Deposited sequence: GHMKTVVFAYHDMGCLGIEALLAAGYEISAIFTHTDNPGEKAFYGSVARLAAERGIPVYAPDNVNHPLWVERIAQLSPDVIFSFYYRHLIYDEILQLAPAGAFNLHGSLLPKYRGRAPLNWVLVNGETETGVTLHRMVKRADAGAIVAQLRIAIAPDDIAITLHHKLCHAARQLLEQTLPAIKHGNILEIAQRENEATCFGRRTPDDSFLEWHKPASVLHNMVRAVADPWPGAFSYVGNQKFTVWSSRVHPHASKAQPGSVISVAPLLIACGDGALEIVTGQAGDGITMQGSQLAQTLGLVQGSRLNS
């Protein structure tokens, strides 16, 4: 079976890895260029393809006609997206007779959209999953071919959850790809009244507002802990990042209760800044972070 593939990130790499094991011919892979703001810790889909002799591109707009045209000539039987970031129109999606699929890290139709890895940790979800589905004009909405559910633990952060999502993702593809290759899918439409959609995330989305409950602020620390861009606050004009934290069950919110442990009063309870860095400084424990910041007992953040 012949395939053209749209992939990036660790999921991109495992997807391609799974396609090749299961015995497909990946005729070409589309991907993206890396960006300076996003710590690139993950597998490179472009290195993967080169490694295996597959043609690889990263056009900013795959939906431009010339690209539609090169894709149509490759005669993809099936189309696979694994963690690609832009929409692929119905023109490219129609070109595959056996159809097109996407692999997505959520219990669809919950957490459609972007960065569900991170969104579920922000919202303090106790479980999540991986879904493989028909890829249609409308984002993350086509019929579900398979789904594997996995539990989020309280001590989990973005990096630990991501490796569980990838582990789950590879299994899903072992449990799915032969069936797709042979012509044997139970696809079920997604239930629209259950659906949720969460949008694009930026570093600025992890600003810490200390009027919130601590466990809310703690779940933001967890959702973008390193290698994500880190939840942050300010001391004066000084930005500083909270890399890891701990909820500790009469100081007003955003006030430094103690500086060792470095403990900030929130709206409800208190959050311990276990580790953090000031501006572009090195990472340190919280007691040291205070000293560098000039924080004292009773200091006010924004």
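Unmodelled regions of the deposited chain, listed from N- to C-terminal end, are 1 to 2, 252 to 254, 308.
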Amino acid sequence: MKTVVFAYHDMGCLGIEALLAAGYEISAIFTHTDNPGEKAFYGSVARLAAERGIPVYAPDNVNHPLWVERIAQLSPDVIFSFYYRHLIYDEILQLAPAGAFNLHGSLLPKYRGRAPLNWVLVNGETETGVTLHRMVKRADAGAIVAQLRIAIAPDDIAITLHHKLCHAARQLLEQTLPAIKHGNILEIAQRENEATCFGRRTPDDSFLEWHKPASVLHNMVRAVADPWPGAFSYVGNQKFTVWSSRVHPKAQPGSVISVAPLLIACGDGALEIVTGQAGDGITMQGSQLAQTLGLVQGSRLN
From here on, numbers count along this sequence of modelled residues.
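Averaged over CA atoms, B-factors in the entry run higher in 87 to 95 than in the other of 198 to 206 and 87 to 95. For the segment pair 146 to 154 and 222 to 230, the entry gives 146 to 154 the higher mean B-factor, averaged over Cα atoms. The entry assigns its greatest Cα B factor, within the set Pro55, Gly43, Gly276, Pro253, to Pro253. For the set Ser245, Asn63, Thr241, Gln238, the PDB entry assigns the largest Cα B-factor to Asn63.
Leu14: CA B factor lies in the lowest third for its chain, per the PDB record. The deposited CA B-factor of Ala168 belongs to the lowest third of values across its chain. The entry lists a Cα temperature factor for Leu117 that places it in the lowest third of the chain's modelled residues. Sort the chain's modelled residues by C-alpha temperature factor and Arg47 lands in the lowest third, per the entry. When the modelled residues of the chain are ordered by C-alpha B-factor, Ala141 sits in the middle third.
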